[PDB]
Amino acid sequence: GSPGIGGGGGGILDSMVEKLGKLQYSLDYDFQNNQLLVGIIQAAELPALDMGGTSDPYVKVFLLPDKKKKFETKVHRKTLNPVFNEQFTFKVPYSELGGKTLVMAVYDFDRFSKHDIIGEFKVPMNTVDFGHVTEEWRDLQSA
Ligand SMILES: [Cu+2]
Ligand SMILES: [Cu+2]
């Protein structure tokens, strides 16, 4: 909160998307069985640890606003480029899928401290192309 007379910047650089890695996922709604299928494929270019080292990445996958237990991939130890190759299934009728949002969040597993989040992104069900399998890389967003 100031007139903003001094400051420099930098401000534009600070607004850019940080290099927090990317996640490849696939998505398909199975109309025969009435379930949403999500493929957590692989992540790339996860950030190196502050003073060198690699993280122990895993991915949490869940639907908002649903409050059911989130799914999680296995933990891949010491790698910034894990290949998960896992599929998760959400038994939800298509009619109920409308206002829901799929979230994929990559964490750094640690046995002795809270797991740091690496980054995340969201997929609103209302902008998903239900007629074809969806597959894409998404840059992980801060927070
Ligand atoms: Cu096609
Ligand atoms: Cu088509």
# chains A, B, ... in the order shown; residues from 1 in each chain; ligands from 1
call {"tool": "closest_atom_pairs", "arguments": {"of": "chain A", "to": "ligand 1", "cutoff": "10 Å", "atoms": "only C-alpha atoms and all ligand atoms", "output": "Markdown table"}}
result
| residue | atom | partner | partner_atom_place_in_ligand_line | distance |
| --- | --- | --- | --- | --- |
| A:131 | CA | ligand 1 | 1 (Cu) | 9.0 |
| A:132 | CA | ligand 1 | 1 (Cu) | 6.1 |
| A:133 | CA | ligand 1 | 1 (Cu) | 7.3 |
| A:134 | CA | ligand 1 | 1 (Cu) | 9.2 |
call {"tool": "residues_around", "arguments": {"residues": "residue A:42", "least_positions_apart": "3", "cutoff": "10 Å", "atoms": "only C-alpha atoms", "output": "ChimeraX atom specification"}}
result
/A:22-25,39,59,81-86,137
call {"tool": "residues_around", "arguments": {"residues": "residue A:120", "least_positions_apart": "6", "cutoff": "8 Å", "atoms": "only C-alpha atoms", "output": "short mmCIF file (atom, residue, chain, number, x, y, z; two decimals) with N, CA, C and O atoms, in the first residue's frame"}}
result
data_model
loop_
_atom_site.label_atom_id
_atom_site.label_comp_id
_atom_site.auth_asym_id
_atom_site.auth_seq_id
_atom_site.Cartn_x
_atom_site.Cartn_y
_atom_site.Cartn_z
N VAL A 103 -8.25 -32.31 -9.24
CA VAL A 103 -7.03 -31.66 -8.85
C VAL A 103 -5.92 -32.70 -8.85
O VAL A 103 -6.12 -33.82 -8.41
N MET A 104 -4.79 -32.32 -9.38
CA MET A 104 -3.56 -33.19 -9.35
C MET A 104 -2.46 -32.37 -8.70
O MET A 104 -2.15 -31.27 -9.15
N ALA A 105 -1.92 -32.89 -7.61
CA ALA A 105 -0.91 -32.14 -6.84
C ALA A 105 0.32 -33.03 -6.59
O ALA A 105 0.18 -34.15 -6.09
N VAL A 106 1.51 -32.53 -6.93
CA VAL A 106 2.71 -33.30 -6.74
C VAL A 106 3.37 -32.87 -5.45
O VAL A 106 3.57 -31.65 -5.22
N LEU A 140 3.15 -27.32 -13.47
CA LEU A 140 2.71 -27.27 -12.07
C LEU A 140 2.67 -25.83 -11.60
O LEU A 140 3.59 -25.09 -11.85
N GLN A 141 1.59 -25.46 -10.93
CA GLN A 141 1.38 -24.06 -10.46
C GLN A 141 1.77 -23.97 -9.03
O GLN A 141 1.56 -24.91 -8.26
N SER A 142 2.22 -22.79 -8.63
CA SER A 142 2.65 -22.57 -7.29
C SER A 142 1.53 -22.74 -6.32
O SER A 142 0.37 -22.37 -6.62
N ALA A 143 1.88 -23.25 -5.15
CA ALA A 143 0.95 -23.38 -4.03
C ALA A 143 0.07 -24.56 -4.17
O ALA A 143 0.10 -25.44 -3.35
#
call {"tool": "residues_around", "arguments": {"residues": "residue A:21", "least_positions_apart": "6", "cutoff": "7 Å", "atoms": "only C-alpha atoms", "output": "JSON, numbers by chain"}}
result
{"A": [44, 45, 46, 47, 139, 140]}
call {"tool": "residues_around", "arguments": {"residues": "stretch 71-78 of chain A", "least_positions_apart": "6", "cutoff": "12 Å", "atoms": "only C-alpha atoms", "output": "PyMOL selection string"}}
result
chain A and resi 38-43+46-49+52-63+84-90+102-111+115
call {"tool": "write_last_selection", "arguments": {"atoms": "C-alpha atoms", "output": "CSV table (one decimal), in the first residue's frame"}}
result
chain,number,residue,atom,x,y,z
A,38,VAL,CA,-7.6,-40.7,-14.8
A,39,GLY,CA,-4.1,-41.7,-15.9
A,40,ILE,CA,-1.2,-40.2,-13.9
A,41,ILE,CA,1.5,-40.8,-16.4
A,42,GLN,CA,4.8,-39.0,-15.6
A,43,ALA,CA,6.3,-35.8,-14.3
A,46,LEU,CA,10.7,-31.2,-11.0
A,47,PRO,CA,12.9,-28.6,-9.2
A,48,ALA,CA,16.3,-29.7,-7.8
A,49,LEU,CA,16.5,-29.5,-4.0
A,52,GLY,CA,21.4,-30.1,-4.5
A,53,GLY,CA,19.6,-33.3,-4.3
A,54,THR,CA,16.4,-34.8,-5.8
A,55,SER,CA,12.9,-35.1,-4.4
A,56,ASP,CA,10.7,-38.2,-3.7
A,57,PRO,CA,7.7,-37.3,-5.8
A,58,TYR,CA,4.2,-38.7,-5.6
A,59,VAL,CA,0.8,-37.3,-6.8
A,60,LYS,CA,-2.4,-36.8,-5.0
A,61,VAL,CA,-5.5,-37.0,-7.2
A,62,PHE,CA,-9.0,-36.1,-6.1
A,63,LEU,CA,-12.3,-34.4,-7.0
A,84,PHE,CA,4.1,-43.2,-12.5
A,85,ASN,CA,2.0,-45.0,-15.1
A,86,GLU,CA,-1.0,-45.3,-12.7
A,87,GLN,CA,-4.7,-45.2,-13.3
A,88,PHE,CA,-7.4,-44.1,-10.8
A,89,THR,CA,-11.2,-44.6,-11.2
A,90,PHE,CA,-13.9,-42.3,-9.9
A,102,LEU,CA,-10.2,-32.7,-10.7
A,103,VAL,CA,-7.0,-31.7,-8.8
A,104,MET,CA,-3.6,-33.2,-9.4
A,105,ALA,CA,-0.9,-32.1,-6.8
A,106,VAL,CA,2.7,-33.3,-6.7
A,107,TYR,CA,4.3,-33.6,-3.3
A,108,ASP,CA,7.9,-34.4,-2.0
A,109,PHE,CA,7.6,-37.4,0.3
A,110,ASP,CA,9.4,-37.2,3.7
A,111,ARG,CA,9.1,-39.6,6.5
A,115,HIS,CA,5.6,-33.2,2.8
call {"tool": "residues_around", "arguments": {"residues": "residue A:127", "least_positions_apart": "5", "cutoff": "12 Å", "atoms": "only C-alpha atoms", "output": "PyMOL selection string"}}
result
chain A and resi 97-102+122+134
call {"tool": "write_last_selection", "arguments": {"atoms": "N, CA, C and O atoms", "output": "PDB file, in the first residue's frame"}}
result
ATOM      1  N   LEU A  97     -21.137 -35.019 -12.488  1.00  0.00           N
ATOM      2  CA  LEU A  97     -19.753 -34.584 -12.725  1.00  0.00           C
ATOM      3  C   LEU A  97     -19.614 -33.070 -13.009  1.00  0.00           C
ATOM      4  O   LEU A  97     -18.544 -32.473 -12.797  1.00  0.00           O
ATOM      5  N   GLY A  98     -20.724 -32.458 -13.410  1.00  0.00           N
ATOM      6  CA  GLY A  98     -20.779 -31.043 -13.822  1.00  0.00           C
ATOM      7  C   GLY A  98     -19.977 -29.963 -13.105  1.00  0.00           C
ATOM      8  O   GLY A  98     -19.142 -29.281 -13.735  1.00  0.00           O
ATOM      9  N   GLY A  99     -20.268 -29.755 -11.821  1.00  0.00           N
ATOM     10  CA  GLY A  99     -19.624 -28.703 -11.051  1.00  0.00           C
ATOM     11  C   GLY A  99     -18.397 -29.155 -10.277  1.00  0.00           C
ATOM     12  O   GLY A  99     -17.931 -28.454  -9.376  1.00  0.00           O
ATOM     13  N   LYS A 100     -17.871 -30.321 -10.636  1.00  0.00           N
ATOM     14  CA  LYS A 100     -16.690 -30.877  -9.941  1.00  0.00           C
ATOM     15  C   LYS A 100     -15.399 -30.473 -10.606  1.00  0.00           C
ATOM     16  O   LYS A 100     -15.374 -30.074 -11.775  1.00  0.00           O
ATOM     17  N   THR A 101     -14.306 -30.560  -9.845  1.00  0.00           N
ATOM     18  CA  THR A 101     -13.011 -30.192 -10.356  1.00  0.00           C
ATOM     19  C   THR A 101     -11.992 -31.230  -9.923  1.00  0.00           C
ATOM     20  O   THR A 101     -11.939 -31.611  -8.751  1.00  0.00           O
ATOM     21  N   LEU A 102     -11.242 -31.723 -10.897  1.00  0.00           N
ATOM     22  CA  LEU A 102     -10.174 -32.703 -10.673  1.00  0.00           C
ATOM     23  C   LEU A 102      -8.921 -31.931 -10.337  1.00  0.00           C
ATOM     24  O   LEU A 102      -8.561 -31.003 -11.052  1.00  0.00           O
ATOM     25  N   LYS A 122      -5.498 -27.697 -11.714  1.00  0.00           N
ATOM     26  CA  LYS A 122      -6.880 -28.154 -11.655  1.00  0.00           C
ATOM     27  C   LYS A 122      -7.502 -28.293 -13.027  1.00  0.00           C
ATOM     28  O   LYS A 122      -7.193 -27.525 -13.943  1.00  0.00           O
ATOM     29  N   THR A 134      -8.505 -37.396 -23.316  1.00  0.00           N
ATOM     30  CA  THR A 134      -7.750 -36.175 -23.120  1.00  0.00           C
ATOM     31  C   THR A 134      -6.380 -36.582 -22.625  1.00  0.00           C
ATOM     32  O   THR A 134      -6.282 -37.456 -21.794  1.00  0.00           O
TER      33      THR A 134
END
